[PDB]
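See below for the structure under consideration.
There are 2 protein chains.
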Amino acid sequence: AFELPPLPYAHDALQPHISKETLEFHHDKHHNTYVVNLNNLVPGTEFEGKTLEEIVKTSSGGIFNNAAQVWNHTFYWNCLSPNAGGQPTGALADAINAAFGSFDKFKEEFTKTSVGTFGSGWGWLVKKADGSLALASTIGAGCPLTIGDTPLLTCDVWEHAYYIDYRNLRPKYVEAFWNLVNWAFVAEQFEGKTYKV
Amino acid sequence: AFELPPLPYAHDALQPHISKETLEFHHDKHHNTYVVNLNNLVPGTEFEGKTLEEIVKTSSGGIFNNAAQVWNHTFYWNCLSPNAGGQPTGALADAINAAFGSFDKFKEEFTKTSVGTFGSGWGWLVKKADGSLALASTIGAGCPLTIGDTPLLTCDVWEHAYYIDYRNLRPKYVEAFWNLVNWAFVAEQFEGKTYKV
Ligand SMILES: [Fe+3]
Numbered sequence: 001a002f003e004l005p006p007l008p009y010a011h012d013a014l015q016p017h018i019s020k021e022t023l024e025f026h027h028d029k030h031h032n033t034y035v036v037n038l039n040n041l042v043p044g045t046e047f048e049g050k051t052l053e054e055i056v057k058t059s060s061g062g063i064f065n066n067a068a069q070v071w072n073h074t075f076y077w078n079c080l081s082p083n084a085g086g087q088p089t090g091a092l093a094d095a096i097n098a099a100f101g102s103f104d105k106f107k108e109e110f111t112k113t114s115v116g117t118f119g120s121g122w123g124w125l126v127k128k129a130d131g132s133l134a135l136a137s138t139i140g141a142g143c144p145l146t147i148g149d150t151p152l153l154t155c156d157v158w159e160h161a162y163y164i165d166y167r168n169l170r171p172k173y174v175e176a177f178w179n180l181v182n183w184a185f186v187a188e189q190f191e192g193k194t195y196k197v
Numbered sequence: 198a199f200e201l202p203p204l205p206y207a208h209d210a211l212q213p214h215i216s217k218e219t220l221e222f223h224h225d226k227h228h229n230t231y232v233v234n235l236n237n238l239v240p241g242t243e244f245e246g247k248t249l250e251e252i253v254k255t256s257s258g259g260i261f262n263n264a265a266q267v268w269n270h271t272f273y274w275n276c277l278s279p280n281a282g283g284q285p286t287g288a289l290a291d292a293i294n295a296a297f298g299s300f301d302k303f304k305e306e307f308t309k310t311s312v313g314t315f316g317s318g319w320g321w322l323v324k325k326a327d328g329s330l331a332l333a334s335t336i337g338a339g340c341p342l343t344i345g346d347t348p349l350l351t352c353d354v355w356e357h358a359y360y361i362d363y364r365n366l367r368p369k370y371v372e373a374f375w376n377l378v379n380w381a382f383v384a385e386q387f388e389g390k391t392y393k394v
């Protein structure tokens, strides 16, 4: 059955941008719940052998909400890391600077897309089927995988992602998340070995 | 312009079911923000003279999300109170026991409807146009007023309504909310002077 992927870093590794408490709750409880619920939902269905990506790509209803949320969260943890942040270099940086004009202007628009997500949702930086870059905002457990797009970066805006550390100040959370982005991971997604399982 | 209604009780009046901190944030900040945004949104539009209820009933988009969230919150604060909880008596109790079988089974189903709201939303107990009782779950700022139904009771399940006190334990929040319900207010809505502003 599906399993909860260990955190790619220590629980206190992302301080002081995201507390250890936030990670314990967000990863140990919330993420875990989605995993548990997915494992209770797949038995006896046509999703019994499929892979996470496979399920979120063909499922709907409650199976989807949980499957997509598990993936979204695993992907999300990888988009972050200690001693990171900064900017992307190489082809990624060119794709961004060419699609958004500059990295600072990409952050501006990525921030607007995230913060402007009404309610529970996610902010995304994706690569379309034509290799072009694009921003997307999903609500709930919405995942770019279902539109054939390729996720390069994501930002969880569900209130539990930041309430402990920023309360209602969602913008201050997004701003501090920039200091944790794992551009190496984003780059890998951009063009190379895309994240799976 | 629209104003933020004072809390019907002290900020620490609902302890220990809902902390004073939760009320200061939920009411003083979140509730207030929806008010402030509504006031920036209505000027120059066709909602310039209307009432809160009028706006949430004929608006859409961002004007709606803010108008309905202001209403939902004001209504919500009234559905709670110190030295309350218990059960409804009279005609309300009859309508409940007749629609749900018993008050305990109504709580079961109301709880299921609330907790089962995926993401940000609200749990409701309404009275349809044919006087029958019904449960509803809205996402985001969804309000039963727009369906011509009559809200009797509501439970905010946006994570900010309980994260400070229960974190991811939404169920323990709903369970503690029952100890705060102001049934007199719910009764008023059931049949009589319905809430205004
Ligand atoms: Fe709220």
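As given, the protein sequences belong to chains A and B, one line each in that order.
Numbered per the working numbering, the first sequence spans residues 1 to 197.
Numbered per the working numbering, the second sequence spans residues 198 to 394.
In this text, a Cβ means the ideal position worked out from N, Cα and C, and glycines have one as well.
Quiz item: Cβ of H208 of chain B within 7 angstroms of any heavy atom in ligand 1?
Solution: no
Exercise. Answer yes or no: the CB of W355 of chain B versus the heavy atoms of ligand 1, is any distance below 7 angstroms?
Key: yes
Practice problem: Please state whether DSSP places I18 of chain A in a helix, a strand or coil. | Solution: coil
Quiz item: Relative to ligand 1, is the shortest distance from any of its heavy atoms to the C-beta of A295 of chain B smaller than 7 angstroms?
Solution: no
Exercise. Between the Cα of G140 of chain A and those of B:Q212, B:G318 and B:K304, spot the shortest distance and give me the residue it belongs to.
Key: B:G318
Quiz prompt | Bridge partner(s) assigned by DSSP for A134 of chain A | solution = A:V126
Quiz item: In chain A, what lies closer than 9 angstroms to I336 of chain B by C-beta?
Solution: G119, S120, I139 and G140
Quiz item: For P240 of chain B, does the three-state DSSP call read helix, strand or coil?
Solution: coil
Quiz item: So is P88 of chain A buried or exposed if we call it buried at 16+ other beta carbons inside 10 Å?
Solution: buried
Practice problem: Give the interface partners of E175 of chain A over in chain B, defined as CB-CB distance under 7 angstroms, in chain order. | Solution: Result: empty, since nearest Cβ-Cβ is about 18 angstroms, beyond 7 angstroms.
Practice problem: Quick one: which unbroken alpha helix (DSSP H) runs of 4-plus residues sit fully inside the segment 102 to 186 of chain A? Chain order, please. | Solution: 103 to 115, 163 to 166 and 170 to 177
Exercise. Give the residues from the segment 352 to 383 of chain B that approach chain A closer than 8 angstroms (Cβ to any Cβ), ordered along the chain.
Key: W355, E356, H357, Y360, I361, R364 and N365
Quiz item: DSSP state of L80 of chain A, grouped into three classes?
Solution: strand
Practice problem: Please find out if some non-hydrogen atom of ligand 1 comes closer than 7 angstroms to the beta-carbon of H223 of chain B. | Solution: yes
Quiz item: Taking the C-alpha atoms as reference points, what is the distance between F261 of chain B and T248 of chain B?
Solution: 13 angstroms
Quiz item: Mapping DSSP to helix, strand and coil, what is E245 of chain B?
Solution: coil
Self-check item: Spatial neighbours of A91 of chain A in its chain, beta-carbon cut-off 7 angstroms, leaving aside the 5 residues before and after
Solution: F190 and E191
Quiz prompt | the segment 8 to 31 of chain A: positions lying closer than 7 angstroms to chain B by Cβ | solution = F25, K29 and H30
Quiz item: In angstroms, rounded to a whole number, what distance separates the CA positions of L41 of chain A and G62 of chain A?
Solution: 8 angstroms
Quiz item: For ligand 1, any of its heavy atoms closer than 7 angstroms to the Cβ of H227 of chain B?
Solution: yes
Quiz item: Going along the chain, which residues of its own chain have a beta-carbon closer than 7 angstroms to the beta-carbon of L349 of chain B, five neighbours each way excluded?
Solution: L322, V323, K324, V383, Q386 and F387
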